[PDB]
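Spelled out from the first residue to the last, the chains are:
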Amino acid sequence: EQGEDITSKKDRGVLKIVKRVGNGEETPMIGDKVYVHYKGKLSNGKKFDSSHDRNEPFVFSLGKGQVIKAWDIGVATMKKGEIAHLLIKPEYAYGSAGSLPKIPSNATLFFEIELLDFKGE
Ligand SMILES: COc1cc2cc(OC)c1OC/C=C/COC(=O)[C@@H]1CCCCN1C(=O)[C@H]2C1CCCCC1
């Protein structure tokens, strides 16, 4: 439970640490096509998941609902070339319902995210 609370509500749901500093003044705007790599896991340590297992970047449009709340929030704070760690309570992820069989109810998740690039719609 180290790191900066990047939630709107300030409920320590989404905690971030920058591990490697990006560059540019610019963070992605809502609706940018965003290119990352990521290593992700449950905090209980029973499942792991990486962009690298698909040997290709992970692509998604920011704030257009295609990843969990925490990713839309977290990635909008990052600059090109930033590596960050996010620690994510279930309210910002898969909630009490979970997303079986991958994620159990009320799972806390961890990710390491490298923002590779972003381009305007
Ligand atoms: C690429 O496959 C998945 C990866 C994760 C979760 C999934 O569904 C719950 C997955 O199945 C379909 C995709 C869901 C989109 O996933 C997400 O919003 C977040 C952020 C984008 C990367 C993927 N992701 C996930 O929660 C992973 C999950 C997998 C298990 C380790 C913890 C992280």
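Novice: For the overall build of the chain, give the residues involved together with the corresponding values.
Specialist: If you tally the helices and strands in the chain, you get one helix and seven strands. From first element to last, N terminus to C terminus, the chain shows the α and β order β-β-β-β-β-α-β-β. Taking 121 residues into account, the globule formula puts the C-alpha radius of gyration at 14 Å, and the chain, at 14 Å, falls close to it. Taken along the three principal axes of its C-alpha coordinates, the chain extends 35 × 35 × 25 Å. Partitioning the intrachain contacts of the chain with sequence separation of at least 6 by distance along the chain shows that 64% fall at a separation of at least 24.

Novice: Requested: an account of the pattern of salt bridges, with residues and values cited.
Specialist: A salt bridge links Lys 16 to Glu 82, with the shortest nitrogen-to-oxygen separation between them at 3.1 Å. Note that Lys 16 is positioned in strand β2 (residues 14–20) and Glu 82 in the loop between α1 (69–75) and β6 (83–88), a separation of 66 residues in sequence.

Novice: Got a sec to walk through the packing of aromatic side chains? Specific residues and values, please.
Specialist: Their ring planes at 65 degrees and their centres at 6.1 Å tell us that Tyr 38 and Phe 111 sit as a pair that is edge-to-face. Pair noted here: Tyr 38 is in strand β3 (residues 33–42) and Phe 111 is in strand β7 (residues 109–119), with a separation of 73 residues, a long-range link. Geometrically, the ring pair formed by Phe 58 and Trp 71 is edge-to-face, given 5.8 Å between the ring centres and 85 degrees between the ring planes. A residue pair is termed long-range when its members are at least 10 positions apart, and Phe 58 in strand β5 (residues 58–61) and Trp 71 in helix α1 qualify at 13 residues. One aromatic cluster in this structure is built from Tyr 38, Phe 58, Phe 60, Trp 71 and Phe 111.

About the thresholds
Numbering of residues starts from 1 on every chain and follows the order in which that chain's sequence is written, so it may differ from the entry's own numbering; residues lacking coordinates are left out. Just so you know, side-chain values use all the structure's heavy atoms and leave hydrogens and water out. Residues with missing side-chain atoms are left out of burial classes, side-chain pairs and their counts. Strands here are runs of E lasting at least two residues and helices are runs of H or I lasting at least four, both read from the DSSP assignment and numbered beginning at the N terminus. We compute the radius of gyration from the C-alpha atoms alone; for a globule the expected value is 2.2 Å times N to the 0.38, where N is the number of residues. Here, residues are in contact when the closest pair of their heavy atoms is within 4.5 Å. The salt bridge definition used is simple: a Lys or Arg side-chain nitrogen within 4 Å of an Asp or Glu carboxyl oxygen. Ring pairs shown here join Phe, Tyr and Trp side chains whose ring centres sit within 6.5 Å, with only the six-membered ring taken for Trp; geometry is labelled stacked below 30 degrees between planes, edge-to-face above 60, and tilted in between.

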